[PDB]
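1. no FASTA, just this:
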RNA sequence: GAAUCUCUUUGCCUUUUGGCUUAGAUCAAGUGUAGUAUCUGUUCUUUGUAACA
RNA sequence: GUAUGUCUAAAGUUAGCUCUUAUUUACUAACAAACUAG
Ligand SMILES: [Mg+2]
């Protein structure tokens, strides 16, 4: 009746949770004065797990009214869990790239761990040049701009105009930018909310070309704050790749601007 | 007096709660953009001197 | 007038005998299977030990309630309200010799806890046994 | 008929309704009314500052 | 000290402190303000002045008067008035 | 018809308040269950309505002279970085765009790019039938506290109490009848199942102390037997 | 009579010990060092089991790696190198007690039978059995030949933190989170003497290597026990020190005591005097919570001191051979009357 | 305050309750101590402890009665009261 | 609420009270049955040219940034 | 002057959030019949006296 | 449609409001135009 289960590769996560959780609760019960545990012992650890999600989301774990040493011990234990988590992500990555027996679920877990680490490095890399820098000196920037003015005037380059209300090749640029978009949606069957919504936007753009061109040129004039970009991080087993799922209203006018900028760069 | 453990991701017992319980720069950008404006002025001073 | 307090107030508003001895035996079977089920899975909720022992005080069989408080002391002997309620339990049934054995145990277990001492001093105050309090 | 019901209940949502454009223009008109109130109060403040500076 | 460590009595203490300051003074005034109308009084005494006035406003009938006085001692005045209105 | 293809509708007041009563229950990251309440909108647009209009921690109030004179210096410094200026001001991005455009100085069928920032259409008692249905379904789902296993356990415990009171009803009929039949005991689910009426459930009599005992065990047994006779006659 | 006891303490004086300063930092591990063990014969090496599952065998004289023993999959909690065997018993929280044959550097024996995670080993130094105990509140003794749980030791309530074995009964001096230092009878399987003077989890019991005594450490009270009867010898000073992780006892009666607050506290073991209180500096990028000293040991000679901290570092502490009794006298000997600890 | 002081104050309260209210034999072999305890004192202690338990019971029901920010069921309004008490 | 954290461990007293069944396991077969004992001009046209440790954080480390620049392309 | 009852405040939390991972994962492309639930429309209502046992 | 769960005398233990009524909407169905489950 005392079948006790040894920790195989299904129970690194759960038994490591019980390990770290018992360690943290013994640390708080050591630290806290004269408190008999009935209910509070169950709940302080929730802050711990809150902090771990705050570490996974890279949100600063600021809880108002927490004591100083409890915040310290929770930060250092989630840093311990972070060290084991990151080293396990490295071990799984060079387990995939060796080409050995890697589980499918461990591959999806490794996708998730590596995209959390990638966006964490991305947030720190944005946040450093927010805090100090930026890395380009003003003299470098002026020499860059000076040699670009020198090149674009040595080539007598006239600037690309804004596309007028009555641009000549305009509906052909539009049907190219929409055939670029329906090339994704010609063969697939499974359609979520955003793909179905943007396919309805393409069908509505085919139903009205002139309202679409006025919508696009109005957005190029006036709109300067845009709906955010989801990333999804598809897997190639040597290296993951960022996949930027842009908003459905934005990709029509951005594909139009891509077509227009490439055509007006190659004409000039 | 430890706070009573409200978080965003997991509401285990389905409690609703008060909404607030759920939820500068280096100088160098001033060094860049000003200088770029300066270079742009020089560009507009040079090219318009050649357009006469 | 569709503000969030109205929605949450209305979702709060939307959310809302014994005859024979053998029938009371079946009542005790149902209720003891209930409380031993919720004490077999969790042996550390001391309020549950408290209220199942207080249930068996309400069923007036005292050796059962004494066994339940003693198993509750076997789990966590340091929990003071368990001690105070078992002492007051044996005092409500007007059994002070049992309570004196109990509080001598509560003293020899936890000497550095004040309330066990002071409650035993209270019991020997209102019993007016002064040489004992000496 | 199906596509007509689709073009009804889609384009009731993702169009600026005439009542919705009326409410948005009414909020912009109240913003312009508050801005005109502050501009007229600033003009009265400048005239009062000149009058009381030459007067006190 | 009295002003700090000490309602009527407190007021009296404050008054005394003010008197002393009048007779370091600025520092005393600041202290009084911190402890506690007082702000307005301080501003008046001062009459930096603008800043004081603003402070008084933040912490209103007499405030308006103070602001007016400050203005007297045009655009700035107007701005102040606007601010007051907003506050109201 | 249910065409739920495009979802970028103008935010009414009832969807605004249902999102405010949803983020309180669910939270800032669980947006599919927030968009399950709103029958018209997405989860991305609900999250945008949150982070641009319904999050109270960022400021919508009018800017000081200091903030205008530093936002012009930022819009010269960081030219078209309006999310970055929004982070520096801790203010909504489109609000700071509107303030910059006011410092320097859309027809009916046109699809609104930015509807989730501006305002919310008030409903002065004119609750639509669509709004009544969607609001009633939302306040049905905010009540969904217990899981379906807890729901079926409340159901099963209700069935136990109903079967138990029906069994006692049948026994009281047969006992007024005179047919002496006792109650079933519940089945031994496992071979060492404990029945808690025959014995002490676990005999843990207290450790023997220095005081004499039996004179109050007699009082206990006498009072317990009088309670047994009283349950025999009253219950 | 209390005034007589305080006056008799103030009559006596403590022994001077040489002040400890840091001499070597080893920054090898990708995780926290949880226990440090040193070979009780050669002093050629010491092995530090860490949270990155990889025990590493470091070198005393040079500070080099030589090998890495990575047979566990979970956090290696305790490491105990045998004295009369070429073995290395490595409790992890894999629920596995693994034996490492040091003539081979291979796993040879896997002691199954634990009901939860294990926290500590204790090789009984003059028999062929090891004492493993952990979260499951029960010490399993293990015959090293047959890998059988020979004698279960029933009686601790909460998880058991540190188990020490002596060659004479009490042959298992264990301690748990129920604040009890139990002295065990290995024959009878019964607690001969239950020591309930601590308040919180006793994370640390250390053997004195030249007298028959065990120091045990709760938060802000470290207490020395005479194992002949189970009597308190000295309640150490230990005011406001913090959560004590590990103890270690020099041959020359110097008692280390690592705190979770980053503080060290070297104690004169005879007198109970606290004389030196270090502040372990964190690494250049650590959090402030990673100053904690998780584990420690001495040299066999005692002139070194090894600590594994939670900043993924291993620090070596040595005495000042240039300081005298008048140069660095340590902290002052003044027993406190407000505490009853004197 | 603290559990020691609170035990002390409850002892003083129960002595005040007595102030508002107001041999030993052994065998040879068994050695159990028979203490003569007067029946009026026994059931007076019993009625006093039942009166204290019922007094605390009715005062706790009085605290249970009060209902006056955002909640779905009863446990939720208790938790929101707890968060309102954390906000100081 | 059917899934819960751990309050305390399954104590080994409960495993010491059970009487054993003889199940000869695949690993408790006799092996390593001996205990070992110890002894006792072309570049002047351009605009640039020569003519003109360790930290404790693992995510913020040098190796982890080398890793993420190796494996996201 | 000794004390009971009722309130107010403070303190104790009193039915008082009891794990983890890839936020664990992904989100209608009909109809008819039926069931359940809710809205809206529609109609009705507002005692003395005498005799005998 | 599974897992799985639950019920099942042959054998006898001694004395504004209340209402009818229809449209709409929401969730469900191995129910229909030979086969699909954790
Ligand atoms: Mg399954």
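-> Happy to help now that I have it. Numbers count the residues shown, from 1 in each chain, chains lettered A, B, ... in the order given.
2. hey, let's count contacts and neighbours off CA atoms from now on
-> OK.
3. farthest residue from the center of chain I?
-> For chain I, the largest distance from the centre (CA atoms, centre = their mean) belongs to residue I:41, which lies 56.7 Å off.
4. Is it within a helix or a strand, and which one?
-> Applying DSSP states H and E as the criterion places residue I:41 outside every helix and strand.
5. end-to-end on stretch H:27-37?
-> 17 Å (CA to CA, to the nearest Å).
6. That stretch and chain F in contact?
-> Yes - shown here: stretch H:27-37 in contact with chain F (CA under 8 Å from any CA of the partner chain) through H:31, H:32, H:33, H:34, H:35.
7. okay if I get those as CSV plus distance to residue G:33 and secondary structure?
-> Below are the residues of stretch H:27-37 next to chain F laid out as CSV (distance: CA to CA, whole Å; DSSP: H, G, I helix; E, B strand; the rest coil):
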residue, distance to residue G:33, secondary structure
H:31, 58, coil
H:32, 57, coil
H:33, 58, strand
H:34, 61, strand
H:35, 61, strand
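8. Save the residues you listed as a markdown table, and put in distance to chain G too.
-> Shown next, in a markdown table, are the residues of stretch H:27-37 next to chain F (distance: CA to the nearest CA, whole Å):
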| residue | distance to chain G |
| --- | --- |
| H:31 | 27 |
| H:32 | 27 |
| H:33 | 29 |
| H:34 | 32 |
| H:35 | 32 |
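9. Among those, name the buried ones.
-> H:32, H:33, H:34 (16 or more other CA atoms under 10 Å in any protein chain shown).
10. mind checking how far the last one is from residue C:126?
-> Distance from residue H:34 to residue C:126, counting by CA to CA: 18 Å.
11. Over to the first one?
-> Taking CA to CA as the measure, residue H:32 falls 22 Å from residue C:126.
12. Over to residue E:86?
-> Residue E:86 is 70 Å from residue C:126, by CA to CA.
13. Between these two, which is the more surrounded one?
-> residue C:126 (20 against 10; other CA atoms under 10 Å in any protein chain shown).
14. and the more buried one, what does it touch?
-> H:18, H:41, H:45 (CA atoms under 8 Å, 6 or more residues apart in numbering or on different chains).
15. give me the subset of these touching chain B.
-> Answer for the contacts of residue C:126 near chain B: none qualify (CA under 8 Å from any CA).
16. So which of those residues wins on neighbours?
-> residue H:45 (23 neighbours).
17. and the helix or strand in which that residue is found, anywhere near chain C?
-> Assessed by DSSP H and E, residue H:45 sits inside helix H:39-65. Yes - legend: contact between helix H:39-65 and chain C by CA under 8 Å from any CA is shown at H:41, H:42, H:43, H:45, H:46, H:47, H:49, H:50.
18. Give me the neighbour count for the fifth one.
-> Looking back up the chat, that one is residue H:46. Residues within reach of residue H:46, counting by other CA under 10 Å, total 21.
19. Does it touch residue C:91 like I think?
-> Yes - in this structure, residue H:46 is within contact of residue C:91 by CA atoms under 8 Å, at 6.1 Å.
20. mind listing what residue B:18 touches?
-> With CA under 8 Å, 6+ apart, residue B:18 has these contacts: F:24, H:69, H:70, H:80.
21. And it, how far from residue H:74?
-> Remark: distance between residue B:18 and residue H:74 (CA to CA) = 15 Å.
22. How far away from the center of its chain is the host helix or strand of residue D:35?
-> Using DSSP H and E, the element containing residue D:35 is helix D:18-55. Remark: helix D:18-55 is offset 12 Å from the chain centroid, using CA atoms, centre = their mean, to the nearest Å.
23. and that helix, is it in reach of chain E?
-> Yes - against chain E, helix D:18-55 shows contacts by CA under 8 Å from any CA at D:38, D:41, D:42, D:45, D:46, D:49, D:50, D:53.
24. Get me the contact residues on chain D for chain F.
-> D:2, D:5-6, D:9-10, D:13-18, D:20-21, D:23-24.
25. Drop anything exposed from the residues you listed.
-> For the residues of chain D next to chain F, buried by 16+ other CA under 10 Å: D:6, D:9, D:10, D:13, D:14, D:15, D:16, D:17, D:20, D:23, D:24.
26. Next up, the contacts around the second one.
-> It stands for residue D:9. F:2, F:3.
27. related to what we said a few turns ago, contacts for the next helix or strand after the helix holding residue H:45, please.
-> Downstream of helix H:39-65, the first helix or strand assigned by DSSP H and E is helix H:74-86. Helix H:74-86 is contacted by residues B:3, B:4, B:15, B:16, B:17, B:18, H:69, H:70, H:71 when judged by CA under 8 Å, 6+ apart.
28. Could I get the buried residue list for whichever strand or helix holds residue E:82?
-> Secondary structure from DSSP H and E places residue E:82 in helix E:75-87. Residues E:77, E:78, E:79, E:80, E:81, E:82, E:84 are the ones in helix E:75-87 that count as buried (16+ other CA under 10 Å).
29. could I get those residues as JSON lines with distance to residue B:31?
-> Shown next, in JSON lines, are the buried residues of helix E:75-87 (distance: CA to CA, whole Å):
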{"residue": "E:77", "distance to residue B:31": "36"}
{"residue": "E:78", "distance to residue B:31": "36"}
{"residue": "E:79", "distance to residue B:31": "33"}
{"residue": "E:80", "distance to residue B:31": "34"}
{"residue": "E:81", "distance to residue B:31": "37"}
{"residue": "E:82", "distance to residue B:31": "36"}
{"residue": "E:84", "distance to residue B:31": "38"}
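30. Adding distance to chain C, write those residues out as JSON lines.
-> JSON lines is the format used below for the buried residues of helix E:75-87 (distance: CA to the nearest CA, whole Å):
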{"residue": "E:77", "distance to chain C": "41"}
{"residue": "E:78", "distance to chain C": "39"}
{"residue": "E:79", "distance to chain C": "36"}
{"residue": "E:80", "distance to chain C": "36"}
{"residue": "E:81", "distance to chain C": "35"}
{"residue": "E:82", "distance to chain C": "32"}
{"residue": "E:84", "distance to chain C": "31"}
